[PDB]
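So basically every Cβ, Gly included, is an ideal-geometry build from the backbone, and we count neighbours across all protein chains shown. Values quoted throughout were computed directly from the atomic coordinates according to the rules given, and no laboratory measurement underlies them.
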Amino acid sequence: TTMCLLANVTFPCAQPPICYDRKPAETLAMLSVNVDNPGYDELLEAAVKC
Amino acid sequence: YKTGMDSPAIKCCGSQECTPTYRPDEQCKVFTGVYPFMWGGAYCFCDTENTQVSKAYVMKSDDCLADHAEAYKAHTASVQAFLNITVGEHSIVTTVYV
Amino acid sequence: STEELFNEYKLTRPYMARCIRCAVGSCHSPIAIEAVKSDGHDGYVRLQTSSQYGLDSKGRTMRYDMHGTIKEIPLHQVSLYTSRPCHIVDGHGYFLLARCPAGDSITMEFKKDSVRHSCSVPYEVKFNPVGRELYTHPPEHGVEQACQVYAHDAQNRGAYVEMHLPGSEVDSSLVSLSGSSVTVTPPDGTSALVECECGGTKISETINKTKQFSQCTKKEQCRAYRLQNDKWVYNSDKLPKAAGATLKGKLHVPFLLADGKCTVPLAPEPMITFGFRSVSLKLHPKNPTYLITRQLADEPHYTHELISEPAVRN
Amino acid sequence: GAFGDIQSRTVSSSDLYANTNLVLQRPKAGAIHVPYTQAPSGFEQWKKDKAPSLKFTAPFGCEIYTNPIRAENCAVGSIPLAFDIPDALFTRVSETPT
């Protein structure tokens, strides 16, 4: 399993707290810090859709 | 290969520095005396003492997976035959190792 | 499931970059060209441009950046050509797929009302045949070798490019004169910042306000930048960058080089004359054809020859 | 400029050696770009030259294949054989025609 990061909150990468159709730049900042991640594609395709 | 290039760091009436990243063949150089233009006019107001940093590195191409060449070393081969033996009208077909 | 594919270039915007050959001279173009890749076999290239495809400002569209305001046209207005005209197949994100002939340049152009846009780049485009018969246009009939062409769908595979913060795109349609001073009018829903040199060292970030400044007489001394915290760009060398770690994510690239099947021609059958320990070969190639011979002994004495004329080999 | 100017240890090694003669150049006065000058792809230059495969040049008429690297049907040498035959197979004389 793989846990992603926005703060010290290790949320599951398939279940993000935010989506781009709600927030313009907070999703991009969440993707900013999590580039070095093997589950980045999971966080990616989950972080688009609600 | 695929020469990747970072965007030029521009400071107006300043001076940049070279911060390396240890990327493969990562060249970096700081250029002084630069008056750059954007589409919406000039970028600085200073004539001289401006600074642009070029940074380039080599990464491998996007089609590396399906289009690549494997360099090997070979030694001490192994011979292996598909015989079809019949001894007294009793036939087998067996991969024998020789 | 195409909407799952397109959803990552929704985070991005088209931009303008410097093209060296425009309709008249050297300009800043909305259709600038970053790279041309031509390593698939039967004439398919993959352009990475400074525009975006498959998104609206919609099915067959180019989305570009016209001095900040994002515009759009249908895809059948855009044409490109190397030596002969190329044929645009599809687009996805910053990437375009065309069926091109061989040539030493790429030129993409579209036509607006009375403004013609163009961008010529000195990027070599080659044509790669399959097999031992060197054609220039793919045939009508033959046999089928395996090949490697750029795939036509936008399927997510394991190859990425790197996206970043757009930097401070400076503007000068913002800054204007008052009757006695300098006036900066940032656009609505967008924050500008102003650097001047008319007092000592002056700097400000302003929001949504026609904000004048005293002690500045001429508007040559003030540069009004523009800011967009959202809306990624590509890591281009034709753009300036932001301040501090710069990185915001990575996107997949469409149309990668996949294994396929390609039709190759079949040369006219050689006319073989036999003799005592000797074989004569009459050869009439339609287009240039490799003849490769070897002997089945401890010294092969292999012969390798491109033959493009009617020839007799003994 | 030749074969192996990129050397990735495996396909997904994420640590590649690169010696591609990259040299950064000074940008043109009034333009934001990163100008470089490097030797061309040695893999492409290897593909342009490419003395023909071992499929066409191999002695004794071998048939080189790919997914296991192997040769086929090389008409060279000779296979010796050992037969350990049990005594039950030896039929007597008068149970066969003569």
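Backbone geometry of segment C:8-25 corresponds, through the Karplus equation with coefficients 6.51, -1.76 and 1.60 at θ = phi - 60°, to 3J(HN,Hα) couplings of 9, 7, 5, 7, 10, 10, x, 9, 10, 9, 7, 9, 7, 10, 10, 5, 10, x Hz, x marking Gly and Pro. Summarising the label geometry, the points placed 7 Å from Cα in the beta-carbon direction at residue C:211 and residue C:301 lie 8.8 nm from one another.
Karplus-based coupling profile of segment C:266-283, in residue order and whole Hz: 9, 5, x, 5, x, 9, 10, 10, 9, x, 5, 6, 6, 9, 9, 10, 8, 10, with θ = phi - 60° in 6.51 cos²θ - 1.76 cosθ + 1.60 and x standing for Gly or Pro.
When the Cα positions of B:76, C:129, B:19 are compared along the charge dipole of the protein assembly as shown, B:19 comes out farthest toward the positive end, with charges on each C-beta of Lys, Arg, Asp and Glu. Using only side-chain charges placed at the Cβ, +1 for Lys and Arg and -1 for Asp and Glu, the dipole size of chain A relative to its Cα centre rounds to 180 debye. Whole-Hz Karplus ³J(HN,Hα) for segment C:130-140, in order, using 6.51 cos²θ - 1.76 cosθ + 1.60 and θ = phi - 60°, x for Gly and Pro? Whole-Hz 3J(HN,Hα) from phi for segment C:130-140: 10, x, 9, 10, 9, 7, 9, 10, x, x, 9. For the pair segment C:44-64 and segment B:1-30, the centres of their Cα atoms are 29 angstrom apart.
Shown here for segment C:204-290: chymotrypsin sites (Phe, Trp or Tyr not before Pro) in loop regions (DSSP other than H, G, I, E, B) with at most 13 other Cβ atoms within 10 Å, namely C:276. When chain D is described by a simple charge dipole with +1 on each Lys and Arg Cβ and -1 on each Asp and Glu Cβ, the residue from D:96, D:82, D:39 located farthest towards its positive end is D:39.
Going by Cα centres, segment C:251-275 and segment A:28-50 are how many Å apart? Cα centroid to Cα centroid, the span is 41 Å.
Inverting the pair-averaged 1/r between distinct Cα atoms of segment C:1-123 gives 14.6 Å as its Kirkwood hydrodynamic radius. Amide hydrogen proximity for residue C:202: with H placed 1.01 Å from N in the peptide plane, the residues at 5 or more positions away or on another chain lying under 5 Å are C:196.
Legend: distances between Cα atoms for B:2/C:219; C:112/C:211; B:2/C:248; C:10/C:202; B:29/C:202; B:11/D:47; pairs beyond 32 Å are B:2/C:219; C:112/C:211; C:10/C:202; B:11/D:47. Comparing Cα centroids, segment C:76-96 and segment B:38-67 end up 26 angstrom apart. Within the listed set B:69, B:56, B:81, the residue fluctuating most in the Gaussian network model of chain B (springs between alpha-carbon atoms under 10 angstrom) is B:81. Dipole check for segment B:2-48: with +1 at the C-beta of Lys and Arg, -1 at the C-beta of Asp and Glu, and the Cα centre as origin, the magnitude is about 80 Debye. Rg of the Cα atoms in chain D, relative to 2.2 N^0.38 Å, amounts to 2.42. Database remark: amide H of residue C:145 closer than 5 angstrom to the amide H of C:262, C:264 (H placed geometrically; neighbours at sequence offset of 5 or more, or on other chains; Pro and chain starts carry no H).
Basic side chains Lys and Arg get +1 at the Cβ, acidic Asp and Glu get -1 at the Cβ, and with that the dipole of segment C:200-254 about its Cα centre reaches some 120 debye.
With a Förster radius of 25 Å applied to the C-beta separation of residue C:266 and residue D:12, the computed FRET efficiency comes to 0.05.
Within segment C:93-192, the trypsin sites (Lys or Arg not before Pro) that combine a DSSP coil assignment with at most 11 other C-beta atoms in a 10 angstrom radius are C:112. Every pair of different Cα atoms in segment C:181-314 enters the Kirkwood calculation, which places the hydrodynamic radius at 23.3 Å.
Each of B:51, D:96, C:2 has some number of other Cβ atoms within 10 Å of its Cβ, and from fewest to most they run D:96, C:2, B:51.
Extent along the principal axes, Cα only, for chain A: 27, 18, 17 Å, with the longest axis given first. Computed from the C-beta positions of residue B:81 and residue C:67 and an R0 of 51 Å, the FRET efficiency is 0.10 to the nearest 0.05. Near residue D:20, no amide H atom lies under 5 Å from its own; only residues 5 or more places off or on other chains count, and H is placed 1.01 Å from N. Taking a quarter of the surface of the Cα convex hull of the protein assembly as shown gives a mean projected area of 41.0 nm². Among the trypsin sites (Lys or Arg not before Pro) within segment D:45-98, those in coil by DSSP and having at most 16 neighbouring Cβ atoms inside 10 Å are D:50, D:92. Taking every alpha-carbon pair under 8 Å whose residues sit at least 6 apart, chain A reaches a relative contact order of 45 percent. Counting charges near residue C:310 (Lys, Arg +1; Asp, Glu -1) among other residues having Cβ under 12 Å from its Cβ returns a value of +2.
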